[PDB]
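Student: fold the following for me, if possible:
(one chain, ligands or ions: 1)
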Amino acid sequence: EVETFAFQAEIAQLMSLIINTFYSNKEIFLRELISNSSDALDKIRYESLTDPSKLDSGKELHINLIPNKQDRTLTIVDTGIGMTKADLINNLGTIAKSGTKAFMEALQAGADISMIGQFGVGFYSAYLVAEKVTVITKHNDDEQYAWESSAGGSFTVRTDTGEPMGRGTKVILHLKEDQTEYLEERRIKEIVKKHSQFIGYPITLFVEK
Ligand SMILES: CC(C)(C)c1ccc(C(=O)CC(N)=O)cc1
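Tutor: Residues are numbered from 1 along each chain as shown. The coordinates are given below.
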């Protein structure tokens, strides 16, 4: 059973701006997603100090980068706190409304798209390089869900029947045809070294078989 939702108008407008604006410095999408993963890992680490059972779903706190040239996907996996169904459908987009407005006004005033993370809506920078984004997520207090959107004003949410993840989030970037450089090991290494060198969790870049 698949549920289809409309983005709020302001978020759809943000997504269109990211997709349509000419802006060559697309590589910053990875910094934003890794920063998001680091934030989710910080949250489960903090919560597990006052409740160690919150790590019964997995003790390891890490980030994995998995390219797949056959599927033309780049997957960012973390074992952070995960997201509830309410997070996916309503809470996070509601919060993003204010950051989107502030980001819009900053852009009109001289800012550029690389500053998106200073406004708290860095997830949507995924559409700099992806034609479709799939988010698989598992929070301790909810079931495993799959969120998905190719923009165009709508997204879907369904219960995920695939491999159980334990806890955390996978962001699967279905890359645009002209953005396959982000599947190359040397290119991902360069970007992580440039923009994510001090992330406080191990980042493992998987190799293709
Ligand atoms: C579309 C889903 C529900 C996956 C999502 C996730 C995160 C955010 C943010 O705006 C927070 C951030 N980027 O750190 C907004 C929406």
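
Student: nearest spatial neighbour of residue 69, skipping sequence neighbours?
Tutor: Once flanking residues are discounted, residue 69 sits nearest to residue 183: 5.3 Å by C-beta to C-beta, 6 or more residues apart in numbering. Bear in mind the C-beta positions are built from the backbone N, C-alpha and C, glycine included.

Student: ok, the one you found - contacts?
Tutor: Applying C-beta atoms under 8 Å, 6 or more residues apart in numbering to residue 183 gives the contacts 67-69, 72, 74, 175, 208.

Student: for the ligand, give me its nearest residue in this protein.
Tutor: Taking C-beta to the nearest ligand atom, the ligand has its nearest neighbour within the chain at residue 123, 3.4 Å off.

Student: for that residue, which non-adjacent residue is closest in space?
Tutor: residue 36 (6.0 Å).

Student: thought that neighbour was touching residue 124?
Tutor: No: taking C-beta atoms under 8 Å as the definition, residue 36 is not a contact partner of residue 124, at 10.8 Å.

Student: who has more neighbours out of these two?
Tutor: residue 124 (24 against 21; other C-beta atoms under 10 Å).

Student: so how far is residue 176 from that one?
Tutor: Going from residue 124 to residue 176 by C-beta to C-beta, to the nearest Å gives 15 Å.

Student: residue 140 now?
Tutor: Per C-beta to C-beta, residue 140 is found 34 Å from residue 176.

Student: what do you get for residue 202?
Tutor: 29 Å.

Student: more neighbours, the two?
Tutor: residue 176 (17 against 10).

Student: skipping adjacent residues, who's closest to that one in space?
Tutor: Closest residue to residue 176 apart from its sequence neighbours, by C-beta to C-beta, 6+ apart: residue 131 at 5.0 Å.
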